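Only one chain is shown below, in structure tokens, and it's the form deposited in one PDB entry.
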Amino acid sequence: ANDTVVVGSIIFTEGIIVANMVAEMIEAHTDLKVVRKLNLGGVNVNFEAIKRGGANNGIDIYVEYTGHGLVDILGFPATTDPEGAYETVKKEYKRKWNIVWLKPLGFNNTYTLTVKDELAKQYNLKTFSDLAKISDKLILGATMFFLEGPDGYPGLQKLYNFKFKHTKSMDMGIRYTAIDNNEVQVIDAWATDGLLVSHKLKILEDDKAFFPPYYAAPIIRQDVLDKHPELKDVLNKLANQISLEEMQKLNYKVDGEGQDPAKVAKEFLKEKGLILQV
């Protein structure tokens, strides 16, 4: 029959790596072939694409983050434990959209606010509240996702009364260079970022708990599951298979060592026994 499915990703290192892992698992364990589609746009493009579907210029599968789905359902930022976010998005996406959340990959790739270790020492910074008290001295460099999202800087700034001198919208790798060069003093480091542990940076504590959990999980259209039921068990072979530290190392293989993400994804799966060498 030569059935195919479309796995989507937006264009950032982690997104492409885990989208490739999903594609590799499908091709290794089923007779399906995978179209890998890269979407330009923000944190909602894949959601609209999966509502369209791989037959109608959209996608069938992608890896979403629980807290993003949660804040989208609620219409305002909230905090909850990982189970609260996951169970809520799973039930709501099943009822409202016939989209099935599969099991979490294992890591929480949350937004953070991060500063240079030297700045944190010179002002004894530990928490977001500490940082807010001096924010009028500082420049924030942040991803477009962070500066535009309701779960991003808008709500955070309201809750903590952040008063940064200004914000600079920056590509993902650019913001690490910018904080290194002191063009900015704070960035929205993401917890799994490959460059993070390699730049002498301090992740500050979200002491008022503004951010939701951001656990990555594959999600799939129900009608694709209906046509190809094996996909459920196949994709759940990834359940809890990627820790925060493992994801960081894969991201660094791409962003720091220059390996291509397809190779990084496939080699990780082979080394962990999740696919076999052909």
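Just so we're on the same page, rigid core means the largest C-alpha set that superposes within 1.5 Å between forms. Residue numbers here begin at 1 and follow the sequence given.
Enquirer: Could you check the entry and say whether 186-194 or 117-125 has the higher mean CA B-factor?
Expert: The deposited B-factors put 117-125 ahead on the C-alpha mean.
Enquirer: As stated in the PDB record, which stretch has the larger average Cα B-factor, 8-16 or 255-263?
Expert: Going by the record's values, the stretch with the higher mean is 255-263.
Enquirer: Which one of 154, 141, 82, 75 shows the top CA temperature factor in the record?
Expert: Reading the PDB entry, the winner on C-alpha B-factor is 154.
Enquirer: Return the residue from 246, 31, 60, 64 that has the highest Cα B-factor in the entry.
Expert: If I rank 246, 31, 60, 64 by C-alpha B-factor, first place goes to 31.
Enquirer: Going by the CA temperature factor in the PDB record, which third of the chain does residue 107 belong to: lowest, middle or highest?
Expert: For residue 107, whose C-alpha B-factor we compare with every modelled residue in the chain, the answer is the lowest third.
Enquirer: Lowest, middle or highest third: which one holds residue 234 when the chain's residues are ordered by CA B-factor from the entry?
Expert: Ranked within chain, residue 234 CA B lands in the middle tercile.
Enquirer: When the deposited Cα B-factors of this chain's modelled residues are ordered and cut into thirds, is residue 86 in the lowest, the middle or the highest one?
Expert: Its C-alpha B-factor belongs to the lowest third of this chain's values.
Enquirer: Sort the modelled residues of this chain by their C-alpha B factor and say whether residue 50 lands in the lowest, middle or highest third.
Expert: It falls in the middle third of the chain.
Enquirer: Check where residue 35 lands among this chain's C-alpha B-factors and tell me if it's the lowest, middle or highest third.
Expert: Within its chain, residue 35 is a lowest-third residue by C-alpha B-factor, going by the deposited values.
A second form of this protein, the form deposited in another entry, is not displayed here; the remarks below concern that form.
Enquirer: Core aligned, which of 86, 93, 107, 128 has the Cα that shifts 2 angstroms or more between this form and the one not shown?
Expert: Result of the superposition: 128 is the only one at 2 Å or more.
Enquirer: Taking the rigid core as the reference frame, tell me whether residue 191 has a CA displacement of 2 angstroms or more between this form and the one not shown.
Expert: No, the C-alpha position differs by under 2 Å between this form and the one not shown.
Enquirer: With both forms fit on the core, has residue 250 moved 2 Å or more by CA between this form and the one not shown?
Expert: Comparing the forms between this form and the one not shown, which are aligned on their rigid core, residue 250 does not shift its C-alpha by 2 Å or more.
Enquirer: My question is whether residue 42 is one of the residues whose C-alpha shifts by 2 Å or more between this form and the one not shown, given a fit on the rigid core.
Expert: True for residue 42: a C-alpha shift of 2 Å or more.
Enquirer: Have a look at residue 74 and residue 49: in the other entry, are their Cα atoms closer together or farther apart than in this form, given the change is 3 Å or more?
Expert: Pair moves closer in the other entry.
Enquirer: Flagged pair residue 145/residue 9: C-alpha distance shifts by 3 angstroms or more in the other entry. Which direction, closer or farther?
Expert: More distant in the other entry, by 3 Å or more.
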